[PDB]
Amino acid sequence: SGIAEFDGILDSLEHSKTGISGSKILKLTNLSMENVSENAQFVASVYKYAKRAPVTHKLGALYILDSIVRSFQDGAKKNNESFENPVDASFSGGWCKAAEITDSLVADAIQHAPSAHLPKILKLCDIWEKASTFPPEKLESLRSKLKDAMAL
């Protein structure tokens, strides 16, 4: 459908108690896959939501990022598109842009999220490793930062 609907769902999630919604994650993912030429708008809207969201909501924003990045990656494989040489207006472009904001969103969640949410981000690294979503060097950096943040 569109970016206006996507931003409207993010607005509703911002006002929710937990920021975690399986139904909203699926709706947001469909809107981004139905509008791939506008992937810069959808990726930028997730970045803006994650950064402004309450501290309790950073994990839910990472679940949105997770679903969207893996869906662009699936689309790219289907269309024989490379992550190393992405088509900006197509699935590989979206996969590349979502990768570009991942470090910032994980770092922001490390700084603000309740400590209980931090092992849940380690679980995303495992999902990404299994799906080969991000290069191992990126995943090692994220894992190291999360392990450091979990204190002891």
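All residue numbers refer to positions in the sequence shown, first residue = 1.
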Avg C-alpha B-factor, entry values, 97 to 105 vs 45 to 53, higher side is 97 to 105
Ranked by mean Cα B-factor in the entry, 110 to 118 and 35 to 43, top stretch is 110 to 118
On the chain's distribution of Cα B-factors, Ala151 falls within the third called highest
Binned into thirds over the chain's modelled residues, the C-alpha B-factor of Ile20 lands in the middle
Chain-relative C-alpha B factor for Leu10 (record values, thirds): the lowest
By the entry's values, the third containing the CA B factor of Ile127 is the highest
Tertile call for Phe83 (CA temperature factor, within chain, third-based) is the highest
